[PDB]
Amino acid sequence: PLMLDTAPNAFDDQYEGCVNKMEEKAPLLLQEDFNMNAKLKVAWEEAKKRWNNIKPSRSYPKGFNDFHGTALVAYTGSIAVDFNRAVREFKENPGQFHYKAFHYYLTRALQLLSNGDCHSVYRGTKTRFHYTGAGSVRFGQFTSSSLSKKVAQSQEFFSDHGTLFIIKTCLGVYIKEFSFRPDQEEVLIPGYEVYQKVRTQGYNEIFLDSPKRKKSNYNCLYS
């Protein structure tokens, strides 16, 4: 089983106060990430082509640029697992974090896309999660969920050995438009959202309620 807690070791940068500085420095940071992360570079190049195709269909929040769009498209792609792991295990050995720019752009994409609306979402997993009683919960990593319980419980994401999270999120963003899917009705939740009410029901249902945005352990680390 995996532990569900406040994600004390996750890279949870919210970039409070350094957005202008990051928008200037992240392009350089991105080249650095790529130079040491071949898988990310490939996922990004492929996502940039798809973004090019998606972009004309609609308008995006002011300040939302191609980096934000390409990061989000890439995330719904195959790179999510490796990225999330790197974020989750950050504090462990923060010398080899090669998603410095990627983490910023994806974080900023969701910040720009989130109006504040709250959602009832569901997330299915094939690995059992155990709440270790910390008092509250943060996912740490960016966390995918769906507006549809059907989707969350589908064999694609869930099995009896895993967990179904029933979540009320107010920072999650409906990113259907961006996904290589998009019938997954995905709501992407930032890892720094805190759920003040945690309730386990049965062996595989975890209810996460009372979301709140709280300060992160890291802030503008690479700015």
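For every residue, the number given is its place in the sequence shown, counted from 1.
Enquirer: Averaged over C-alpha atoms, is the B-factor higher for 86-94 or for 72-80 in this PDB entry?
Expert: Going by the record's values, the stretch with the higher mean is 86-94.
Enquirer: Which is higher on mean Cα B factor in this entry, 114-122 or 137-145?
Expert: Between 137-145 and 114-122, it is 114-122.
Enquirer: Looking at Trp44, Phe158, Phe165, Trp51, which one carries the largest C-alpha B-factor according to the PDB entry?
Expert: That would be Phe158, according to the entry.
Enquirer: Going by what the PDB entry lists, where does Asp13 fall on CA B-factor within its chain: lowest, middle or highest third?
Expert: As the PDB entry reports it, the C-alpha B-factor of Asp13 lands in the lowest third of its chain.
Enquirer: How does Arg128 rank on Cα B-factor within its chain, lowest, middle or highest third?
Expert: Middle third.
Enquirer: Could you tell me which third, lowest, middle or highest, the C-alpha B-factor of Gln31 occupies within its chain?
Expert: According to the entry, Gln31 has a C-alpha B-factor in the chain's middle third.
Enquirer: Taking the chain's C-alpha temperature factors as the reference, tell me which third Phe178 falls into: lowest, middle or highest.
Expert: Within its chain, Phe178 is a highest-third residue by C-alpha B-factor, going by the deposited values.
Enquirer: Sorting the chain's CA B-factors, does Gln184 end up in the lowest, middle or highest third?
Expert: Answer is highest: the recorded C-alpha B-factor places it there.
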